[PDB]
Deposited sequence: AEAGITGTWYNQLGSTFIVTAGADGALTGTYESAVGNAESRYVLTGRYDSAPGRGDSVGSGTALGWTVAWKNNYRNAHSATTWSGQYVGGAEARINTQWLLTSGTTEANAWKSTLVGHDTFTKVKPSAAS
């Protein structure tokens, strides 16, 4: 369900493998189609989401925004849940912290949200 490719509503993508141990491993591409905008992703998910009391599957992952083309001196974490079915989604909140000086630490962290889907509008060239 989680393994595969996901698209947010703003032009980013990621590919992830959800391993049997609870691992998430993949790559995050901040600009669809841009080969230079790819960063390592790692995280964790609930590998036994069933309960006796249709709940989503909790997960989280991190991207540090450093690759061979960019270093934004920052990292984002996404916390959310996977929901399967016909309109499968990963609903997330995220936090983006930048390294700062001490005087600027108060303003080191942005918050937002991303909704990831398995499909996005697409069209021929």
Missing CA stretches, deposited numbering from 1, N-terminus first | 1-3, 57-58
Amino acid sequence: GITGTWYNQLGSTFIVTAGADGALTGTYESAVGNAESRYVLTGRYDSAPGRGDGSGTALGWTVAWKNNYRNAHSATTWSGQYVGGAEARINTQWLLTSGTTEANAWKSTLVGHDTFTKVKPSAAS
From here on, numbers count along this sequence of modelled residues.
Would 28-36 or 54-62 have the larger average of its C-alpha temperature factors, as given in the entry?
-> 28-36
The stretch whose C-alpha atoms carry the larger average B-factor in the entry, 110-118 or 97-105, is 97-105
Using the temperature factors in the entry, find which of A75, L41, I90, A86 has the highest value at its Cα atom.
-> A86
